[PDB]
Amino acid sequence: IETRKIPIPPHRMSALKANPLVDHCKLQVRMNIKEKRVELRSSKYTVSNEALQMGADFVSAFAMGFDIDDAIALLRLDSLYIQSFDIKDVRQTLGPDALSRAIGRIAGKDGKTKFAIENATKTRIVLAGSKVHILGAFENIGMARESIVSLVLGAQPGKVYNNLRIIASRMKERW
RNA sequence: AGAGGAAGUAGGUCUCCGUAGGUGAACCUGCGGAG
């Protein structure tokens, strides 16, 4: 019998108050968003370390910014992965015009560029300053990774988008 | 002005916060800060 306790950000707390995980994976939950903790306790109906770990990864992802839909998608699909990427990792220039210019290049106005990337490589990301959080199958995650590191290198968004399109297409092909 | 003659050229998204206004709890808008 094992228990996992997870801290939350103050951002998502109303959505956390919005609702079921005991029904989902038979694992008793306590919540206290004032100590920012969520307790996940294995009952006699909880069977697997797999179930505890997926509940933990799921609540951490929903806390880290994705919503209930891709969240229960991550719940449902054990193939799906998560990755947290800081913009402060490997860095092309030491100038601290990094964050503003870079994440402007990432989103574009109205999230056009990020959303084109989403509809291309079939992932789900969220952008908040230094962190970007990426969700889905790891190879798509890696394509998006190479895309974004090229974008923060400064490549033309349409150009890297085209390359991303064709690479995603040949990935999506089987033979 | 005149018919003739004769030639040549053809790129800040999402969440949260602090603001000002709106129709007020909420909520919307805009500004300014954090993830």
# chains A, B, ... in the order shown; residues from 1 in each chain; ligands from 1
call {"tool": "interface_residues", "arguments": {"of": "chain B", "to": "chain A", "cutoff": "9 Å", "atoms": "only C-alpha atoms (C1' of nucleotides)", "output": "PDB file with N, CA, C and O atoms (P, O5', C5', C4', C3', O3' and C1' of nucleotides), in the first residue's frame"}}
result
ATOM      1  P     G B  11       5.803  41.704 -37.964  1.00  0.00           P
ATOM      2  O5'   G B  11       6.369  40.607 -36.958  1.00  0.00           O
ATOM      3  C5'   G B  11       6.258  40.776 -35.549  1.00  0.00           C
ATOM      4  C4'   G B  11       5.159  39.919 -34.974  1.00  0.00           C
ATOM      5  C3'   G B  11       5.513  39.169 -33.687  1.00  0.00           C
ATOM      6  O3'   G B  11       4.335  39.020 -32.898  1.00  0.00           O
ATOM      7  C1'   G B  11       4.880  37.627 -35.328  1.00  0.00           C
ATOM      8  P     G B  12       3.794  40.220 -31.982  1.00  0.00           P
ATOM      9  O5'   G B  12       3.331  39.485 -30.649  1.00  0.00           O
ATOM     10  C5'   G B  12       4.146  38.478 -30.062  1.00  0.00           C
ATOM     11  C4'   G B  12       3.341  37.520 -29.224  1.00  0.00           C
ATOM     12  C3'   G B  12       2.190  38.153 -28.458  1.00  0.00           C
ATOM     13  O3'   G B  12       1.194  37.159 -28.229  1.00  0.00           O
ATOM     14  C1'   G B  12       3.776  37.327 -26.931  1.00  0.00           C
ATOM     15  P     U B  13      -0.351  37.574 -28.125  1.00  0.00           P
ATOM     16  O5'   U B  13      -1.065  36.247 -27.619  1.00  0.00           O
ATOM     17  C5'   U B  13      -1.884  35.504 -28.503  1.00  0.00           C
ATOM     18  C4'   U B  13      -1.908  34.040 -28.158  1.00  0.00           C
ATOM     19  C3'   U B  13      -2.444  33.692 -26.780  1.00  0.00           C
ATOM     20  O3'   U B  13      -3.861  33.684 -26.727  1.00  0.00           O
ATOM     21  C1'   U B  13      -0.453  32.480 -27.186  1.00  0.00           C
ATOM     22  P     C B  14      -4.628  34.098 -25.377  1.00  0.00           P
ATOM     23  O5'   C B  14      -4.350  32.889 -24.381  1.00  0.00           O
ATOM     24  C5'   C B  14      -4.895  31.601 -24.618  1.00  0.00           C
ATOM     25  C4'   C B  14      -4.450  30.640 -23.553  1.00  0.00           C
ATOM     26  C3'   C B  14      -4.682  31.117 -22.131  1.00  0.00           C
ATOM     27  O3'   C B  14      -6.000  30.875 -21.679  1.00  0.00           O
ATOM     28  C1'   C B  14      -2.461  30.354 -22.338  1.00  0.00           C
ATOM     29  P     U B  15      -6.690  31.902 -20.660  1.00  0.00           P
ATOM     30  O5'   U B  15      -6.022  31.555 -19.257  1.00  0.00           O
ATOM     31  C5'   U B  15      -6.156  30.260 -18.694  1.00  0.00           C
ATOM     32  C4'   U B  15      -5.250  30.085 -17.504  1.00  0.00           C
ATOM     33  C3'   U B  15      -5.368  31.149 -16.429  1.00  0.00           C
ATOM     34  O3'   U B  15      -6.465  30.939 -15.562  1.00  0.00           O
ATOM     35  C1'   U B  15      -3.089  30.774 -16.909  1.00  0.00           C
ATOM     36  P     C B  16      -7.249  32.198 -14.954  1.00  0.00           P
ATOM     37  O5'   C B  16      -6.236  32.796 -13.883  1.00  0.00           O
ATOM     38  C5'   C B  16      -5.795  32.012 -12.786  1.00  0.00           C
ATOM     39  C4'   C B  16      -4.631  32.661 -12.088  1.00  0.00           C
ATOM     40  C3'   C B  16      -4.829  34.109 -11.697  1.00  0.00           C
ATOM     41  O3'   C B  16      -5.668  34.302 -10.577  1.00  0.00           O
ATOM     42  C1'   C B  16      -2.701  33.867 -12.653  1.00  0.00           C
ATOM     43  P     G B  35       8.692  34.400 -13.725  1.00  0.00           P
ATOM     44  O5'   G B  35       7.904  33.137 -14.283  1.00  0.00           O
ATOM     45  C5'   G B  35       7.848  31.935 -13.526  1.00  0.00           C
ATOM     46  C4'   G B  35       6.452  31.662 -13.034  1.00  0.00           C
ATOM     47  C3'   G B  35       5.871  30.330 -13.487  1.00  0.00           C
ATOM     48  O3'   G B  35       4.953  29.863 -12.503  1.00  0.00           O
ATOM     49  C1'   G B  35       4.561  32.084 -14.353  1.00  0.00           C
TER      50        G B  35
END
call {"tool": "residues_around", "arguments": {"residues": "segment 48-59 of chain A", "least_positions_apart": "3", "cutoff": "8 Å", "atoms": "only C-alpha atoms (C1' of nucleotides)", "output": "NGL selection string"}}
result
:A and (4 or 6 or 21 or 25 or 27 or 40 or 42 or 62-63 or 71-72 or 74-75 or 78)
call {"tool": "write_last_selection", "arguments": {"atoms": "C-alpha atoms", "output": "PDB file, in the first residue's frame"}}
result
ATOM      1  CA  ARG A   4       1.876   9.838  -3.409  1.00  0.00           C
ATOM      2  CA  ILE A   6       1.749  16.256  -5.176  1.00  0.00           C
ATOM      3  CA  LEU A  21     -10.372   9.661 -10.133  1.00  0.00           C
ATOM      4  CA  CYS A  25      -8.507   4.029 -11.166  1.00  0.00           C
ATOM      5  CA  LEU A  27      -7.495   5.014  -5.727  1.00  0.00           C
ATOM      6  CA  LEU A  40      -3.238   9.671  -3.768  1.00  0.00           C
ATOM      7  CA  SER A  42      -3.725   2.994  -2.813  1.00  0.00           C
ATOM      8  CA  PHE A  62      -3.205  18.922 -15.385  1.00  0.00           C
ATOM      9  CA  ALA A  63      -1.466  21.060 -12.788  1.00  0.00           C
ATOM     10  CA  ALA A  71      -5.418  15.100 -19.384  1.00  0.00           C
ATOM     11  CA  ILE A  72      -7.806  12.137 -19.469  1.00  0.00           C
ATOM     12  CA  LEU A  74      -2.960  10.986 -21.033  1.00  0.00           C
ATOM     13  CA  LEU A  75      -4.851   8.935 -18.476  1.00  0.00           C
ATOM     14  CA  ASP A  78      -0.184   4.708 -21.725  1.00  0.00           C
TER      15      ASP A  78
END
call {"tool": "residues_around", "arguments": {"residues": "residue 31 of chain B", "least_positions_apart": "3", "cutoff": "12 Å", "atoms": "only C-alpha atoms (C1' of nucleotides)", "output": "PyMOL selection string"}}
result
chain B and resi 18-21
call {"tool": "write_last_selection", "arguments": {"atoms": "C-alpha atoms (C1' of nucleotides)", "output": "PDB file, in the first residue's frame"}}
result
ATOM      1  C1'   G B  18      -2.384  44.267  -9.708  1.00  0.00           C
ATOM      2  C1'   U B  19      -4.952  48.272 -12.264  1.00  0.00           C
ATOM      3  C1'   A B  20      -8.920  51.855 -15.009  1.00  0.00           C
ATOM      4  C1'   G B  21     -13.784  51.771 -17.273  1.00  0.00           C
TER       5        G B  21
END
call {"tool": "select_by_dssp", "arguments": {"residues": "segment 89-170 of chain A", "states": "alpha helix (DSSP H)", "output": "mmCIF file with N, CA, C and O atoms, in the first residue's frame"}}
result
data_model
loop_
_atom_site.group_PDB
_atom_site.id
_atom_site.type_symbol
_atom_site.label_atom_id
_atom_site.label_comp_id
_atom_site.auth_asym_id
_atom_site.auth_seq_id
_atom_site.Cartn_x
_atom_site.Cartn_y
_atom_site.Cartn_z
ATOM 1 N N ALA A 98 16.159 37.244 -24.731
ATOM 2 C CA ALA A 98 15.780 35.875 -25.028
ATOM 3 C C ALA A 98 14.273 35.714 -25.004
ATOM 4 O O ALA A 98 13.642 35.572 -26.053
ATOM 5 N N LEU A 99 13.687 35.868 -23.818
ATOM 6 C CA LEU A 99 12.347 35.365 -23.534
ATOM 7 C C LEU A 99 11.290 36.030 -24.407
ATOM 8 O O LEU A 99 10.468 35.346 -25.027
ATOM 9 N N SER A 100 11.341 37.357 -24.517
ATOM 10 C CA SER A 100 10.295 38.094 -25.211
ATOM 11 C C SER A 100 10.293 37.767 -26.694
ATOM 12 O O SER A 100 9.279 37.317 -27.242
ATOM 13 N N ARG A 101 11.445 37.958 -27.340
ATOM 14 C CA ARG A 101 11.583 37.687 -28.764
ATOM 15 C C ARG A 101 11.332 36.224 -29.080
ATOM 16 O O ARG A 101 10.610 35.905 -30.036
ATOM 17 N N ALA A 102 11.901 35.324 -28.272
ATOM 18 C CA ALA A 102 11.751 33.901 -28.542
ATOM 19 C C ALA A 102 10.296 33.481 -28.461
ATOM 20 O O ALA A 102 9.760 32.925 -29.421
ATOM 21 N N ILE A 103 9.614 33.780 -27.352
ATOM 22 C CA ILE A 103 8.252 33.261 -27.242
ATOM 23 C C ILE A 103 7.265 34.038 -28.096
ATOM 24 O O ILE A 103 6.208 33.487 -28.441
ATOM 25 N N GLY A 104 7.597 35.267 -28.499
ATOM 26 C CA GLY A 104 6.867 35.880 -29.590
ATOM 27 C C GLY A 104 6.989 35.085 -30.871
ATOM 28 O O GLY A 104 5.990 34.848 -31.558
ATOM 29 N N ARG A 105 8.205 34.636 -31.191
ATOM 30 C CA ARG A 105 8.404 33.793 -32.364
ATOM 31 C C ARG A 105 7.662 32.467 -32.220
ATOM 32 O O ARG A 105 7.129 31.932 -33.199
ATOM 33 N N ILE A 106 7.606 31.934 -30.996
ATOM 34 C CA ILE A 106 6.917 30.666 -30.756
ATOM 35 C C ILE A 106 5.428 30.802 -31.021
ATOM 36 O O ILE A 106 4.869 30.117 -31.886
ATOM 37 N N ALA A 107 4.763 31.678 -30.276
ATOM 38 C CA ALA A 107 3.315 31.758 -30.380
ATOM 39 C C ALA A 107 2.892 32.361 -31.710
ATOM 40 O O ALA A 107 2.037 31.809 -32.413
ATOM 41 N N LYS A 112 -1.100 31.476 -33.819
ATOM 42 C CA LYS A 112 -1.183 30.906 -35.158
ATOM 43 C C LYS A 112 -0.087 29.877 -35.385
ATOM 44 O O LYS A 112 -0.350 28.771 -35.868
ATOM 45 N N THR A 113 1.132 30.203 -34.969
ATOM 46 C CA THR A 113 2.282 29.379 -35.274
ATOM 47 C C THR A 113 2.268 28.124 -34.431
ATOM 48 O O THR A 113 2.418 27.016 -34.961
ATOM 49 N N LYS A 114 2.044 28.288 -33.128
ATOM 50 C CA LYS A 114 1.956 27.135 -32.251
ATOM 51 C C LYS A 114 0.817 26.227 -32.675
ATOM 52 O O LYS A 114 0.982 25.010 -32.719
ATOM 53 N N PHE A 115 -0.310 26.804 -33.088
ATOM 54 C CA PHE A 115 -1.467 25.979 -33.392
ATOM 55 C C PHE A 115 -1.283 25.249 -34.709
ATOM 56 O O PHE A 115 -1.723 24.102 -34.856
ATOM 57 N N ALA A 116 -0.638 25.903 -35.677
ATOM 58 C CA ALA A 116 -0.219 25.211 -36.887
ATOM 59 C C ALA A 116 0.700 24.051 -36.560
ATOM 60 O O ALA A 116 0.565 22.969 -37.142
ATOM 61 N N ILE A 117 1.604 24.250 -35.605
ATOM 62 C CA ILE A 117 2.484 23.173 -35.187
ATOM 63 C C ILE A 117 1.677 22.047 -34.569
ATOM 64 O O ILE A 117 1.963 20.867 -34.793
ATOM 65 N N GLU A 118 0.644 22.396 -33.805
ATOM 66 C CA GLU A 118 -0.177 21.379 -33.157
ATOM 67 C C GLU A 118 -0.888 20.532 -34.191
ATOM 68 O O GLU A 118 -0.820 19.297 -34.169
ATOM 69 N N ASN A 119 -1.553 21.194 -35.123
ATOM 70 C CA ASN A 119 -2.310 20.496 -36.143
ATOM 71 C C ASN A 119 -1.386 19.727 -37.071
ATOM 72 O O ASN A 119 -1.803 18.748 -37.695
ATOM 73 N N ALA A 120 -0.126 20.147 -37.160
ATOM 74 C CA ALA A 120 0.842 19.383 -37.924
ATOM 75 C C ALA A 120 1.240 18.115 -37.191
ATOM 76 O O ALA A 120 0.907 17.005 -37.618
ATOM 77 N N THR A 121 1.927 18.257 -36.064
ATOM 78 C CA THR A 121 2.629 17.121 -35.493
ATOM 79 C C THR A 121 1.841 16.439 -34.394
ATOM 80 O O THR A 121 2.415 15.642 -33.650
ATOM 81 N N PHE A 138 6.313 10.473 -28.097
ATOM 82 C CA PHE A 138 7.648 11.048 -27.976
ATOM 83 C C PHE A 138 8.266 11.442 -29.303
ATOM 84 O O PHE A 138 9.044 12.389 -29.341
ATOM 85 N N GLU A 139 7.970 10.730 -30.380
ATOM 86 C CA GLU A 139 8.580 11.086 -31.650
ATOM 87 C C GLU A 139 8.000 12.384 -32.177
ATOM 88 O O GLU A 139 8.748 13.237 -32.656
ATOM 89 N N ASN A 140 6.692 12.580 -32.030
ATOM 90 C CA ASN A 140 6.105 13.875 -32.325
ATOM 91 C C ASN A 140 6.653 14.930 -31.394
ATOM 92 O O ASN A 140 6.888 16.071 -31.815
ATOM 93 N N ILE A 141 6.875 14.552 -30.135
ATOM 94 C CA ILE A 141 7.468 15.482 -29.186
ATOM 95 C C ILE A 141 8.855 15.894 -29.658
ATOM 96 O O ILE A 141 9.236 17.062 -29.563
ATOM 97 N N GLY A 142 9.604 14.950 -30.221
ATOM 98 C CA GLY A 142 10.950 15.249 -30.667
ATOM 99 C C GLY A 142 10.959 16.101 -31.915
ATOM 100 O O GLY A 142 11.826 16.962 -32.081
ATOM 101 N N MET A 143 9.999 15.870 -32.807
ATOM 102 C CA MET A 143 9.848 16.754 -33.956
ATOM 103 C C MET A 143 9.539 18.170 -33.509
ATOM 104 O O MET A 143 10.160 19.126 -33.983
ATOM 105 N N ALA A 144 8.592 18.317 -32.583
ATOM 106 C CA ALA A 144 8.272 19.636 -32.056
ATOM 107 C C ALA A 144 9.465 20.246 -31.342
ATOM 108 O O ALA A 144 9.681 21.460 -31.408
ATOM 109 N N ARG A 145 10.262 19.405 -30.695
ATOM 110 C CA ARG A 145 11.468 19.848 -30.023
ATOM 111 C C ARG A 145 12.455 20.432 -31.013
ATOM 112 O O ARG A 145 12.975 21.534 -30.808
ATOM 113 N N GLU A 146 12.704 19.716 -32.101
ATOM 114 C CA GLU A 146 13.648 20.205 -33.088
ATOM 115 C C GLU A 146 13.121 21.447 -33.770
ATOM 116 O O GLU A 146 13.886 22.383 -34.040
ATOM 117 N N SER A 147 11.811 21.484 -33.990
ATOM 118 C CA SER A 147 11.163 22.667 -34.526
ATOM 119 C C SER A 147 11.410 23.868 -33.641
ATOM 120 O O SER A 147 11.811 24.931 -34.122
ATOM 121 N N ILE A 148 11.207 23.706 -32.341
ATOM 122 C CA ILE A 148 11.244 24.869 -31.480
ATOM 123 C C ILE A 148 12.678 25.298 -31.229
ATOM 124 O O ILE A 148 12.957 26.491 -31.074
ATOM 125 N N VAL A 149 13.621 24.355 -31.247
ATOM 126 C CA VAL A 149 14.995 24.784 -31.040
ATOM 127 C C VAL A 149 15.525 25.456 -32.290
ATOM 128 O O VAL A 149 16.288 26.417 -32.201
ATOM 129 N N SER A 150 15.067 25.035 -33.465
ATOM 130 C CA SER A 150 15.355 25.793 -34.669
ATOM 131 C C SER A 150 14.679 27.159 -34.679
ATOM 132 O O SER A 150 15.275 28.134 -35.155
ATOM 133 N N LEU A 151 13.458 27.255 -34.151
ATOM 134 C CA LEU A 151 12.770 28.540 -34.117
ATOM 135 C C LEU A 151 13.486 29.517 -33.203
ATOM 136 O O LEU A 151 13.627 30.697 -33.536
ATOM 137 N N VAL A 152 13.925 29.052 -32.037
ATOM 138 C CA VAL A 152 14.663 29.928 -31.141
ATOM 139 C C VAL A 152 16.095 30.121 -31.599
ATOM 140 O O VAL A 152 16.742 31.092 -31.184
ATOM 141 N N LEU A 153 16.609 29.240 -32.457
ATOM 142 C CA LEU A 153 17.780 29.594 -33.236
ATOM 143 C C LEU A 153 17.484 30.763 -34.152
ATOM 144 O O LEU A 153 18.378 31.570 -34.419
ATOM 145 N N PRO A 157 9.813 31.008 -39.708
ATOM 146 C CA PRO A 157 8.744 30.121 -39.238
ATOM 147 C C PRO A 157 8.081 29.335 -40.346
ATOM 148 O O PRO A 157 7.831 28.141 -40.159
ATOM 149 N N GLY A 158 7.838 29.947 -41.504
ATOM 150 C CA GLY A 158 7.269 29.198 -42.613
ATOM 151 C C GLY A 158 8.201 28.112 -43.115
ATOM 152 O O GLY A 158 7.765 27.008 -43.444
ATOM 153 N N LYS A 159 9.501 28.407 -43.156
ATOM 154 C CA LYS A 159 10.474 27.428 -43.626
ATOM 155 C C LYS A 159 10.530 26.221 -42.708
ATOM 156 O O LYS A 159 10.413 25.071 -43.162
ATOM 157 N N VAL A 160 10.701 26.467 -41.411
ATOM 158 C CA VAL A 160 10.784 25.355 -40.480
ATOM 159 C C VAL A 160 9.439 24.655 -40.392
ATOM 160 O O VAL A 160 9.373 23.440 -40.205
ATOM 161 N N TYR A 161 8.356 25.387 -40.631
ATOM 162 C CA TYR A 161 7.043 24.772 -40.650
ATOM 163 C C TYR A 161 6.911 23.821 -41.822
ATOM 164 O O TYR A 161 6.360 22.731 -41.673
ATOM 165 N N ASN A 162 7.427 24.210 -42.984
ATOM 166 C CA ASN A 162 7.372 23.352 -44.162
ATOM 167 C C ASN A 162 8.175 22.086 -43.949
ATOM 168 O O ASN A 162 7.723 20.974 -44.265
ATOM 169 N N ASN A 163 9.394 22.253 -43.448
ATOM 170 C CA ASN A 163 10.210 21.102 -43.115
ATOM 171 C C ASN A 163 9.525 20.211 -42.097
ATOM 172 O O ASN A 163 9.578 18.981 -42.202
ATOM 173 N N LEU A 164 8.861 20.816 -41.123
ATOM 174 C CA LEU A 164 8.144 20.041 -40.129
ATOM 175 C C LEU A 164 6.999 19.283 -40.758
ATOM 176 O O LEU A 164 6.751 18.127 -40.406
ATOM 177 N N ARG A 165 6.310 19.917 -41.699
ATOM 178 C CA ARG A 165 5.227 19.250 -42.396
ATOM 179 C C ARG A 165 5.730 18.015 -43.103
ATOM 180 O O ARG A 165 5.175 16.924 -42.935
ATOM 181 N N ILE A 166 6.812 18.160 -43.856
ATOM 182 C CA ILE A 166 7.222 17.040 -44.680
ATOM 183 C C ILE A 166 7.823 15.945 -43.821
ATOM 184 O O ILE A 166 7.641 14.753 -44.103
ATOM 185 N N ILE A 167 8.459 16.315 -42.714
ATOM 186 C CA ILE A 167 9.051 15.305 -41.857
ATOM 187 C C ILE A 167 7.968 14.563 -41.095
ATOM 188 O O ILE A 167 8.031 13.338 -40.932
ATOM 189 N N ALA A 168 6.932 15.279 -40.671
ATOM 190 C CA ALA A 168 5.805 14.628 -40.027
ATOM 191 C C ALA A 168 5.089 13.705 -40.993
ATOM 192 O O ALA A 168 4.614 12.639 -40.602
ATOM 193 N N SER A 169 5.020 14.098 -42.261
ATOM 194 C CA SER A 169 4.397 13.253 -43.268
ATOM 195 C C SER A 169 5.166 11.962 -43.465
ATOM 196 O O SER A 169 4.573 10.879 -43.513
ATOM 197 N N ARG A 170 6.484 12.050 -43.585
ATOM 198 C CA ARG A 170 7.234 10.817 -43.753
ATOM 199 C C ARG A 170 7.288 10.006 -42.476
ATOM 200 O O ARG A 170 7.487 8.791 -42.536
#
call {"tool": "select_by_dssp", "arguments": {"residues": "segment 21-90 of chain A", "states": "strand (DSSP E)", "output": "VMD selection string"}}
result
chain A and resid 27 to 32 37 to 42 81 to 86
call {"tool": "write_last_selection", "arguments": {"atoms": "N, CA, C and O atoms", "output": "PDB file, in the first residue's frame"}}
result
ATOM      1  N   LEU A  27      -8.636   4.522  -6.484  1.00  0.00           N
ATOM      2  CA  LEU A  27      -7.495   5.014  -5.727  1.00  0.00           C
ATOM      3  C   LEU A  27      -7.933   6.257  -4.969  1.00  0.00           C
ATOM      4  O   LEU A  27      -8.232   7.279  -5.589  1.00  0.00           O
ATOM      5  N   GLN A  28      -7.952   6.179  -3.638  1.00  0.00           N
ATOM      6  CA  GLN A  28      -8.634   7.201  -2.853  1.00  0.00           C
ATOM      7  C   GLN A  28      -7.817   8.486  -2.802  1.00  0.00           C
ATOM      8  O   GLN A  28      -6.602   8.460  -2.587  1.00  0.00           O
ATOM      9  N   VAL A  29      -8.490   9.614  -2.997  1.00  0.00           N
ATOM     10  CA  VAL A  29      -7.821  10.898  -3.149  1.00  0.00           C
ATOM     11  C   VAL A  29      -8.278  11.851  -2.059  1.00  0.00           C
ATOM     12  O   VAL A  29      -9.472  11.987  -1.775  1.00  0.00           O
ATOM     13  N   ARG A  30      -7.311  12.530  -1.462  1.00  0.00           N
ATOM     14  CA  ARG A  30      -7.586  13.713  -0.674  1.00  0.00           C
ATOM     15  C   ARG A  30      -7.003  14.910  -1.399  1.00  0.00           C
ATOM     16  O   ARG A  30      -6.076  14.780  -2.200  1.00  0.00           O
ATOM     17  N   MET A  31      -7.568  16.076  -1.132  1.00  0.00           N
ATOM     18  CA  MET A  31      -7.099  17.288  -1.771  1.00  0.00           C
ATOM     19  C   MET A  31      -7.107  18.418  -0.758  1.00  0.00           C
ATOM     20  O   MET A  31      -8.019  18.531   0.065  1.00  0.00           O
ATOM     21  N   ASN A  32      -6.071  19.248  -0.817  1.00  0.00           N
ATOM     22  CA  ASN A  32      -6.003  20.453  -0.003  1.00  0.00           C
ATOM     23  C   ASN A  32      -5.175  21.451  -0.803  1.00  0.00           C
ATOM     24  O   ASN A  32      -3.943  21.421  -0.756  1.00  0.00           O
ATOM     25  N   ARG A  37      -1.387  20.490  -1.697  1.00  0.00           N
ATOM     26  CA  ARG A  37      -1.107  19.069  -1.782  1.00  0.00           C
ATOM     27  C   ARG A  37      -2.335  18.308  -2.245  1.00  0.00           C
ATOM     28  O   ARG A  37      -3.475  18.689  -1.968  1.00  0.00           O
ATOM     29  N   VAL A  38      -2.077  17.248  -2.997  1.00  0.00           N
ATOM     30  CA  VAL A  38      -3.095  16.281  -3.370  1.00  0.00           C
ATOM     31  C   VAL A  38      -2.546  14.908  -3.027  1.00  0.00           C
ATOM     32  O   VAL A  38      -1.444  14.550  -3.459  1.00  0.00           O
ATOM     33  N   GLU A  39      -3.299  14.159  -2.232  1.00  0.00           N
ATOM     34  CA  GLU A  39      -2.877  12.862  -1.737  1.00  0.00           C
ATOM     35  C   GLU A  39      -3.566  11.763  -2.525  1.00  0.00           C
ATOM     36  O   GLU A  39      -4.787  11.788  -2.700  1.00  0.00           O
ATOM     37  N   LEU A  40      -2.781  10.786  -2.957  1.00  0.00           N
ATOM     38  CA  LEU A  40      -3.238   9.671  -3.768  1.00  0.00           C
ATOM     39  C   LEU A  40      -2.846   8.389  -3.056  1.00  0.00           C
ATOM     40  O   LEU A  40      -1.669   8.017  -3.054  1.00  0.00           O
ATOM     41  N   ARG A  41      -3.830   7.707  -2.475  1.00  0.00           N
ATOM     42  CA  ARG A  41      -3.604   6.581  -1.583  1.00  0.00           C
ATOM     43  C   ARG A  41      -4.144   5.316  -2.224  1.00  0.00           C
ATOM     44  O   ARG A  41      -5.288   5.292  -2.696  1.00  0.00           O
ATOM     45  N   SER A  42      -3.329   4.265  -2.234  1.00  0.00           N
ATOM     46  CA  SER A  42      -3.725   2.994  -2.813  1.00  0.00           C
ATOM     47  C   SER A  42      -4.621   2.241  -1.842  1.00  0.00           C
ATOM     48  O   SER A  42      -4.213   1.933  -0.719  1.00  0.00           O
ATOM     49  N   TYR A  81       3.368  10.607 -23.658  1.00  0.00           N
ATOM     50  CA  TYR A  81       4.459  11.090 -22.840  1.00  0.00           C
ATOM     51  C   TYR A  81       4.313  12.577 -22.581  1.00  0.00           C
ATOM     52  O   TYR A  81       3.521  13.274 -23.216  1.00  0.00           O
ATOM     53  N   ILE A  82       5.121  13.051 -21.642  1.00  0.00           N
ATOM     54  CA  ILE A  82       5.190  14.455 -21.280  1.00  0.00           C
ATOM     55  C   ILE A  82       6.646  14.868 -21.261  1.00  0.00           C
ATOM     56  O   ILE A  82       7.528  14.060 -20.953  1.00  0.00           O
ATOM     57  N   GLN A  83       6.897  16.128 -21.583  1.00  0.00           N
ATOM     58  CA  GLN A  83       8.227  16.682 -21.412  1.00  0.00           C
ATOM     59  C   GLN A  83       8.138  18.161 -21.092  1.00  0.00           C
ATOM     60  O   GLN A  83       7.393  18.905 -21.737  1.00  0.00           O
ATOM     61  N   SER A  84       8.896  18.567 -20.082  1.00  0.00           N
ATOM     62  CA  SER A  84       9.038  19.956 -19.672  1.00  0.00           C
ATOM     63  C   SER A  84      10.327  20.474 -20.279  1.00  0.00           C
ATOM     64  O   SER A  84      11.392  19.877 -20.087  1.00  0.00           O
ATOM     65  N   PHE A  85      10.238  21.567 -21.018  1.00  0.00           N
ATOM     66  CA  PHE A  85      11.402  22.150 -21.655  1.00  0.00           C
ATOM     67  C   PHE A  85      11.547  23.600 -21.221  1.00  0.00           C
ATOM     68  O   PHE A  85      10.645  24.409 -21.437  1.00  0.00           O
ATOM     69  N   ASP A  86      12.694  23.931 -20.650  1.00  0.00           N
ATOM     70  CA  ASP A  86      12.997  25.318 -20.349  1.00  0.00           C
ATOM     71  C   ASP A  86      13.603  25.993 -21.569  1.00  0.00           C
ATOM     72  O   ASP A  86      14.325  25.366 -22.349  1.00  0.00           O
TER      73      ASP A  86
END
call {"tool": "atom_distance", "arguments": {"atom1": "atom CA of residue 76 of chain A", "atom2": "atom CA of residue 133 of chain A"}}
result
18.9 Å
call {"tool": "atom_distance", "arguments": {"atom1": "atom CA of residue 8 of chain A", "atom2": "atom CA of residue 34 of chain A"}}
result
9.5 Å
call {"tool": "atom_distance", "arguments": {"atom1": "atom CA of residue 3 of chain A", "atom2": "atom CA of residue 36 of chain A"}}
result
16.0 Å
call {"tool": "decode", "arguments": {"residues": "segment 122-131 of chain A", "atoms": "N, CA and C atoms", "output": "PDB file, in the first residue's frame"}}
result
ATOM      1  N   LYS A 122       0.546  16.726 -34.284  1.00  0.00           N
ATOM      2  CA  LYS A 122      -0.388  15.924 -33.497  1.00  0.00           C
ATOM      3  C   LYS A 122       0.041  15.804 -32.037  1.00  0.00           C
ATOM      4  N   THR A 123       0.607  16.863 -31.499  1.00  0.00           N
ATOM      5  CA  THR A 123       0.961  16.917 -30.094  1.00  0.00           C
ATOM      6  C   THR A 123       0.009  17.845 -29.365  1.00  0.00           C
ATOM      7  N   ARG A 124       0.316  18.100 -28.102  1.00  0.00           N
ATOM      8  CA  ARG A 124      -0.372  19.135 -27.344  1.00  0.00           C
ATOM      9  C   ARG A 124       0.649  19.834 -26.463  1.00  0.00           C
ATOM     10  N   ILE A 125       0.879  21.122 -26.702  1.00  0.00           N
ATOM     11  CA  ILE A 125       1.822  21.865 -25.879  1.00  0.00           C
ATOM     12  C   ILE A 125       1.098  23.006 -25.182  1.00  0.00           C
ATOM     13  N   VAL A 126       1.736  23.509 -24.130  1.00  0.00           N
ATOM     14  CA  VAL A 126       1.395  24.783 -23.513  1.00  0.00           C
ATOM     15  C   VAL A 126       2.656  25.618 -23.316  1.00  0.00           C
ATOM     16  N   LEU A 127       2.492  26.930 -23.487  1.00  0.00           N
ATOM     17  CA  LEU A 127       3.583  27.894 -23.429  1.00  0.00           C
ATOM     18  C   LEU A 127       3.337  28.854 -22.279  1.00  0.00           C
ATOM     19  N   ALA A 128       4.286  28.911 -21.348  1.00  0.00           N
ATOM     20  CA  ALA A 128       4.250  29.884 -20.256  1.00  0.00           C
ATOM     21  C   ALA A 128       5.687  30.295 -19.944  1.00  0.00           C
ATOM     22  N   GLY A 129       6.135  31.379 -20.575  1.00  0.00           N
ATOM     23  CA  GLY A 129       7.433  31.964 -20.287  1.00  0.00           C
ATOM     24  C   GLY A 129       8.624  31.068 -20.559  1.00  0.00           C
ATOM     25  N   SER A 130       9.367  30.726 -19.505  1.00  0.00           N
ATOM     26  CA  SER A 130      10.584  29.941 -19.679  1.00  0.00           C
ATOM     27  C   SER A 130      10.263  28.487 -19.982  1.00  0.00           C
ATOM     28  N   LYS A 131       9.169  27.983 -19.435  1.00  0.00           N
ATOM     29  CA  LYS A 131       8.804  26.596 -19.636  1.00  0.00           C
ATOM     30  C   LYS A 131       7.892  26.479 -20.844  1.00  0.00           C
TER      31      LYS A 131
END
